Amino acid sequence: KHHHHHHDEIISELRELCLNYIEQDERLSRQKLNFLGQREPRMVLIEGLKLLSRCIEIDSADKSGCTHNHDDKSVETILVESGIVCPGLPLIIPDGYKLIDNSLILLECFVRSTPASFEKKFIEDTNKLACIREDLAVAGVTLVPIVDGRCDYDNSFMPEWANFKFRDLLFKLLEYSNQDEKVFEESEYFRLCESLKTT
């Protein structure tokens, strides 16, 4: 009834935003539910950040004409599920993928907030996909690699204002959580932990 705007209300507002202002796309159902079920501040924070990330990844997949990698399949798994074997193959989990004929589109997306880190991340993700172009070619597959670098957190599943307010509340939860942890590290419980070093 009376809003005092402390951490429990911060968590409750994040849940309202999640429920009522993030589009009801079925690919988001599992992470929304994961988020809504968290009770510990640090865990609300973490799954909240992951929910936001998932909105951006799926947004990228849709705009890039790719299938979003819902279950975090590896490239090997994606291949093996279509009857194609590539056995010497490093671990790569793409944000998106699409096998058309003999062509395998693979998508990496990211958000960076400065030009220097934008460019650095773009190079890293590009090299990441490139290093398996040859193996795929051996197995008869043409790699079509896509790196979608973004400069902000905008996405089609949340209105701009809600996206901003969701991030704003996550930041306030982070501040609370950090203070909660500092207070914990001054408690006897933390001392008893330290002592558990007996092992």
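For every residue, the number given is its place in the sequence shown, counted from 1.
Student: Which is higher on average in the deposited entry, the C-alpha temperature factors of 14 to 22 or of 184 to 192?
Tutor: So the stretch with the higher mean C-alpha B-factor is 184 to 192.
Student: Using only C-alpha atoms and the B-factors in the entry, which stretch averages higher, 103 to 111 or 88 to 96?
Tutor: Comparing averages over the C-alpha atoms only gives 88 to 96.
Student: Highest Cα B-factor in the PDB entry belongs to which of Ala139, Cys151, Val144, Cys55?
Tutor: The record points to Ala139.
Student: Once the chain's modelled residues are ordered by C-alpha B factor and cut into thirds, is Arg30 in the lowest, middle or highest one?
Tutor: Middle third of the chain for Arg30's C-alpha B-factor.
Student: Taking only the Cα B-factors deposited for this chain, tell me whether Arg133 sits in the lowest, middle or highest third.
Tutor: Its C-alpha B-factor belongs to the highest third of this chain's values.
Student: Test of reading the entry: by CA B factor among the chain's modelled residues, which third contains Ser82?
Tutor: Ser82: CA B-factor falls in the highest third of its chain.
Student: In terms of the chain's CA B-factor thirds, is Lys50 lowest, middle or highest?
Tutor: According to the entry, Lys50 has a C-alpha B-factor in the chain's lowest third.
Student: Which third of the chain holds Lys63 when residues are ordered by C-alpha B factor: lowest, middle or highest?
Tutor: Middle third by C-alpha B-factor.
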